[PDB]
Amino acid sequence: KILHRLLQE
Amino acid sequence: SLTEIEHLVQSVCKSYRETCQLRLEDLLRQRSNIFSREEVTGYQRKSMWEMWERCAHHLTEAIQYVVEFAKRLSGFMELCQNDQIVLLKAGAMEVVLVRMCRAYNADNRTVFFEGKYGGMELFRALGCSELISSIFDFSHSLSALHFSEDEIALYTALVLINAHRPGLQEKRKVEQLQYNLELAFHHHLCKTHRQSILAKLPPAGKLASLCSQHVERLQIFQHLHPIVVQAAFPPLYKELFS
Ligand SMILES: CC(=O)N1CCN(S(=O)(=O)C(C)C)C[C@@H]1C(=O)Nc1cc(-c2cnc(OC(C)C)c(C#N)c2)n(C(F)(F)F)n1
């Protein structure tokens, strides 16, 4: 979830 | 191509310098700033859950820089998102543990923590004596080798790009990336006359043992204080470890 968002930032 | 290998070395070292969280010079310049006995006692008197919360916070912020390090590795962003997550979940804490050797002073066996250097007795309230001592021992081994900034860059890239992680979909692709990073690391050691450290690096499974201990101790702490973890641990920390 958070890693998903961090990788897309 | 030797040129392609050396371009990878430069790229990895640059990616690490941009994401190293703390410049090495800032850590070295603070080495004489050491916690007093009263400050050490204050840390020891803190509750277990408050020391765990603060330490989990510091680990979470350090992990965030490791994620940015991964994002600046060109081969890493070529992997599918499943494999990106697998590598980060398995290797991010290992990278942090390697990075900790820069914050460790082998001359007096202290580590930089919350603005000053302190011995391992500073962390007694955690109830993680074995984990903390093993981290100190691990950091002391890398410090004794004078692990350079470029060596840490290339080594932590290899820690992350590990084709043996269970759950990888494009295993062959990670294998190729790992081999190129191994060539880059070993080429840099050869060019800098540092190949003698190969036999002196910590064995395989030592880093995994540290990460397993961290998860095991967290499992115990979460069993003891489930609401503390739910209410006060950082969400990224829980996503990674619990
Ligand atoms: C803000 C701050 O103080 N900083 C951030 C910059 N790093 S840093 O650049 O090193 C960066 C790469 C961290 C140094 C330092 C730090 O955080 N040091 C630190 C953290 C821990 C630690 C604490 N709690 C742990 O587990 C508990 C949750 C049970 C574990 C483990 N496992 C490890 N230790 C150790 F000496 F005690 F290990 N020292």
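Thresholds, definitions, all that
- Residues numbered from 1 in each chain as written, not as in the entry; some residues may be left out.
- Chains lettered and ligands numbered in written order.
- Heavy atoms only, no water.
- Helix = DSSP H or I, 4+ residues; strand = E, 2+ residues; numbered from the N terminus.
- Rg over C-alpha atoms; globule rule 2.2 N^0.38 Å.
- Buried < 20%, exposed > 50% of the residue type's maximum accessible area, 1.4 Å probe, protein only.
- Contact = heavy atoms within 4.5 Å.
- Areas by Shrake-Rupley, 256 points an atom, 1.4 Å probe, with all protein chains shown as cover.
- Pairing = 2+ DSSP bridges.
- Core = buried A, V, L, I, M, F, W, Y, C linked by side-chain atoms within 4.5 Å.
- Buried area = accessible area lost by both parts, 1.4 Å probe.
- Salt bridge = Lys/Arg side-chain N within 4 Å of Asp/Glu carboxyl O.
- Polar contact = N/O pair within 3.5 Å; in protein donor to acceptor, adjacent residues only side chain to side chain.
- Nonpolar A, V, L, I, M, F, W, Y, C, P; charged D, E, K, R; others polar.
- Expected span 1.5 Å × (residues − 1).
- Near = heavy atom within 4 Å.

### Some remarks on the overall build of chain B
- Looking only at helices and strands, chain B has 12 helices and 3 strands in total.
- Over its C-alpha atoms chain B spans a radius of gyration of 18 Å, differing by no more than 12% from the 18 Å that the globule rule assigns to 242 residues.
- Per-residue burial for chain B yields a buried fraction of 48% across its 242 residues.
- Pairs at least 24 apart in sequence give 78% of the contacts found in chain B among residues at least 6 apart.
- Working note: accessible area of chain B is about 12,300 Å², and carbon and sulfur atoms make up 52% of it.

### Here's the deal with unusual backbone geometry
Residues and elements named next belong to chain B.
- You will see that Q21, though not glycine, has its phi angle at about 70 degrees, which is positive.
- With respect to the secondary-structure elements, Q21 resides in the loop between α1 (2-19) and α2 (24-29).
- The backbone of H193 sits at a positive phi, close to 60 degrees, despite the residue not being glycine.
- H193 gets classed as exposed once you look at its relative accessible area, which sits at 72%.

### Description of the sheet that holds strand β3 (residues 116-118) of chain B
Residue and element names in this part refer to chain B.
- Ordered in space as β1-β2-β3, the 3 strands form an open sheet in which the pairing is antiparallel. Looking along the sheet, the strands with just one partner apiece sit at the ends: β1 (104-105) and β3.
- For β1 and strand β2 (residues 110-113), the ladder comprises 2 bridges, and the chain directions are antiparallel. Across the sheet, residue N105 finds its bridge partner in β2, namely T110.

### A few points about the side chain of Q178 of chain B
- For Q178 of chain B, the location among the structural elements is in helix α9 (residues 171-191).
- For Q178 of chain B, a relative accessible area of 14% gives the class buried.

### A closer look at the nonpolar core
Residues and elements named next belong to chain B.
- The biggest cluster of nonpolar side chains holds 88 residues, and the ones touching the most others in it are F76, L88, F123 and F233.
- Ranked by residues supplied to this core, first place goes to helix α4 (residues 48-71) with 11 residues.
- The residues contacting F123, other than those within four sequence positions of it, are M51, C55, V111, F113, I132 and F136.

### Observations concerning the interface of chain A and chain B
- Across the contact, 8 residues belong to chain A and 14 residues belong to chain B.
- A buried area of about 920 Å², summed over both sides, lies between chain A and chain B, and 71% of it is on carbon and sulfur atoms.
- Applying the counting criterion to the chain A and chain B interface returns 0 salt bridges.
- Seen at the junction of chain A and chain B, the total is 5 residue pairs in polar contact.
- For the side of chain A that touches chain B, the per-class residue count stands at 4 nonpolar, 2 polar and 2 charged.

### Considering helix α8 (residues 149-160) of chain B
Residue and element names in this part refer to chain B.
- With 12 residues, α8 extends 17 Å from end C-alpha to end C-alpha; this agrees with the ideal 16 Å at 1.5 Å per step.
- Counting buried positions along α8 yields 10 of 12 residues, so the element is predominantly enclosed.
- Listed in full, the buried residues belonging to α8 are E151, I152, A153, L154, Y155, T156, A157, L158, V159 and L160.
- Looking at the buried residues of α8, the elements they touch are α1, α4, α5 (74-78), α6 (81-99), α9 and α10 (206-224).

### Thoughts on the pattern of salt bridges
Residues and elements named next belong to chain B.
- Evaluation of the coordinates by the stated rule reveals 11 salt bridges over all chains.
- In this structure, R194 engages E151 in a salt bridge whose closest nitrogen and oxygen atoms are separated by 2.7 Å. With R194 in the loop between α9 and α10 and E151 in helix α8, this residue pair connects regions lying 43 residues apart in the sequence.
- Each of the salt bridges in this network shares a partner with another, and the network as a whole consists of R23, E25 and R29.

### So, the pairing of β2 of chain B
All names here are of chain B.
- Counting the residues between successive antiparallel strands, the hairpin from β1 to β2 contains 4 residues, one of them, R109, with a positive phi of roughly 60 degrees.
- Relative to β3, β2 runs antiparallel, the two being bridged by 3 bridges. For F113, the partnering residue across the bridge sits in β3 and is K116.
- Hairpin remark: β2 followed by β3, antiparallel, with 2 residues in the connecting loop; positive phi at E114, about 50 degrees.

### Considerations on the site of the ligand
Residues and elements named next belong to chain B.
- For the ligand, the set of nearby residues contains 23 residues, the closest of which are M93, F112, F113, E114 and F123.
- Between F112 and the ligand, the recorded distance is 3.1 Å, taken from a backbone N or O atom to a nitrogen atom.
- Taking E114, its main chain carries an N or O atom lying 2.7 Å from an oxygen atom of the ligand.
- Burial of the ligand by the surrounding chains reaches 95%, relative to a free accessible area of 780 Å².
- Broken down by secondary-structure element, the contributors of at least two residues to the shell around the ligand are α4, α6, β2 and α7 (129-144).
- Per-element tally for the shell around the ligand: the top contributor is α4, with 5 residues.
- Across the shell around the ligand, the residue classes tally to 18 nonpolar, 3 polar and 2 charged.

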